[PDB]
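Visitor: Chains as they are written, first to last, in the authors' numbering: chain QE, 1 to 37, 47 to 225; chain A5, 52 to 102. Below you'll find the structure I mean.
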Ligand SMILES: Nc1nc2c(ncn2[C@@H]2O[C@H](COP(=O)(O)OP(=O)(O)OP(=O)(O)O)[C@@H](O)[C@H]2O)c(=O)[nH]1
Ligand SMILES: [Mg+2]
């Protein structure tokens with residue numbers, strides 16, 4: 001009953017789902033093979058052969074960040090059908106992977122959603138880590154919310170969203186692809202928590218003692 | 052007195068099997084399919100060096 005399904009859109013989405021799932025695998029002991037060397050049933054579907062399958066959603070439009078995790082150190086654990094990405098990267102564009110091709114792949118992502126969540130009873134909520142500033146985790150995340158608002162009913166969804174703060178801006182189109190997804194997430198979200206890459210910076214400076222970190 | 056309420060039912064969340072799939076998006080994306088078009092014969096013109 002306590003099961004939660006994660007959704008992770010964007011290159012940022014998959015590489016911040018990866019470290020979080022590493023912490024998930026360390027908090028109750030499961031090897032990167034996915035075997036034993047109530048905490049298990051919420052994220053890991055127990056098999057008839059002792060295997061554990063993470064019931065997440067990892068969706069992208071650039072294969073070069075999701076191709077790594079199917080050839081990395083955790084490629085034994087993650088189900089191959091769930092690690093969805095695309096052929097063309099949206100590239101700071103709302104409409105390609107929403108109208109032309111992401112219209113075609115939201116079909117298969119929703120099929121994977123239906124196939125994953127059918128064996129559950131207690132779907133308690135959804136978790137979405139979307140990209141305001143990016144192209145994939147803006148447009149495809151928006152299409153996911155438009156379909157999920159009307160097909161799943163009044164199910165709780167939560168946003169641990171990222172938000173390009175006005176001081177440090179990686180790309181320049183953060184007022185250009187995030188505003189429409191803000192309009193989308195106003196009416197199609199229940200709780201949305203913003204993070205930024207400036208507050209983590211100075212707590213790592215003074216409160217932590219690590220200089221020159223990565224996003225990892 | 053008369054005894055139990057029998058009760059029944061479950062929850063279910065997703066919209067059943069009511070979503071089509073034929074997008075040829077092979078997990079990581081729509082992979083391949085090459086499309087060759089018929090071409091023509093390259094030619095040129097003539098000249099007159101002498102006769
Ligand atoms: N908070 C946080 N933000 C990140 C992280 N990694 C990337 N970002 C943000 O993500 C933005 C980069 O664009 P992406 O989210 O990767 O967009 P994408 O998924 O590659 O899709 P496209 O825009 O179409 O290429 C940058 O502006 C960063 O601010 C991260 O680890 N933490
Ligand atoms: Mg992307």
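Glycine included, every Cβ here is placed at the ideal spot set by N, Cα and C.
Does ligand 2 have a heavy atom nearer than 8 Å to the CB of residue 182 (chain QE)?
Guide: Incorrect: residue 182 (chain QE) has no Cβ contact closer than 8 Å to ligand 2.
Visitor: What residues of chain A5 sit near residue 41 (chain QE), judged by a beta carbon separation below 8 Å?
Guide: You won't find residue 41 (chain QE) in this model, because chain QE goes from 37 right to 47.
Visitor: Answer with yes or no whether the minimum CB distance from residue 74 (chain QE) to chain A5 is below 9 Å.
Guide: Closer than 9 Å: no.
Visitor: Listing by chain order, which chain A5 residues have their CB less than 7 Å from the CB of residue 164 (chain QE)?
Guide: In chain order: 64.
Visitor: With a threshold of 8 Å (Cβ to nearest heavy atom), would residue 193 (chain QE) be considered close to ligand 2?
Guide: Residue 193 (chain QE) Cβ: outside cutoff for every heavy atom of ligand 2.
Visitor: Excluding the 5 residues preceding and the 5 following residue 92 (chain QE) in the sequence, name in chain order all residues of the same chain whose CB lies nearer than 7 Å to its CB.
Guide: Cβ within range, chain order: 67, 75, 78 and 79.
Visitor: Does the beta carbon of residue 84 (chain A5) come closer than 9 Å to any beta carbon on chain QE?
Guide: Cβ-Cβ to chain QE under 9 Å: no for residue 84 (chain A5).
Visitor: Is the distance from the Cβ of residue 149 (chain QE) to the Cβ of residue 9 (chain QE) below 9 Å?
Guide: In this structure, residue 9 (chain QE) lies closer than 9 Å to residue 149 (chain QE) by Cβ.
Visitor: Checking 9 Å against the spacing of the C-beta atoms, do residue 143 (chain QE) and residue 12 (chain QE) come in under that value?
Guide: It is a contact, given that the beta carbons lie within the stated cut-off.
Visitor: Is the closest heavy atom of ligand 1 to the C-beta of residue 140 (chain QE) under 8 Å?
Guide: Yes; taking the cut-off as 8 Å, the Cβ of residue 140 (chain QE) has a heavy atom of ligand 1 nearer than that.
Visitor: State yes or no: is the C-beta of residue 69 (chain QE) within less than 9 Å of the C-beta of residue 95 (chain QE)?
Guide: Yes, these two residues count as a Cβ contact at 9 Å.
Visitor: Any heavy atom of ligand 1 closer than 8 Å to the beta-carbon of residue 58 (chain QE)?
Guide: The answer is no for residue 58 (chain QE).
Visitor: Is the shortest distance between the beta-carbon of residue 4 (chain QE) and the beta-carbons of chain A5 less than 9 Å?
Guide: Not an interface residue.
Visitor: Of all Cβ atoms in chain QE, is any one closer than 9 Å to the Cβ of residue 100 (chain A5)?
Guide: No, no contact with chain QE.
Visitor: Identify, in the order they occur along the chain, each residue of the same chain with its Cβ nearer than 6 Å to the Cβ of residue 86 (chain QE), setting aside the five sequence neighbours on each side.
Guide: Excluding sequence neighbours, residue 86 (chain QE) sits near 32 and 34.
Visitor: Just to confirm before moving on: does the CB-CB distance between residue 153 (chain QE) and residue 64 (chain QE) stay below 9 Å?
Guide: Contact flag unset, no.
Visitor: Tell me where the alpha helix (DSSP H) around residue 25 (chain QE) begins and ends.
Guide: Counting along the chain, the alpha helix (DSSP H) containing residue 25 (chain QE) begins and ends at 11-27.
Visitor: Let me confirm a value: residue 118 (chain QE) is counted as buried when at least 16 other C-beta atoms fall within 10 Å, else exposed. Which label applies?
Guide: With 16 or more other Cβ atoms within 10 Å, it is buried.
Visitor: Quick check on the DSSP output: the alpha helix (DSSP H) that includes residue 122 (chain QE) runs from which residue to which?
Guide: Run containing residue 122 (chain QE): 111-125, per the alpha helix (DSSP H) assignment.
Visitor: With DSSP collapsed to three states, give me the class of residue 220 (chain QE).
Guide: Residue state, collapsed to three classes: coil.
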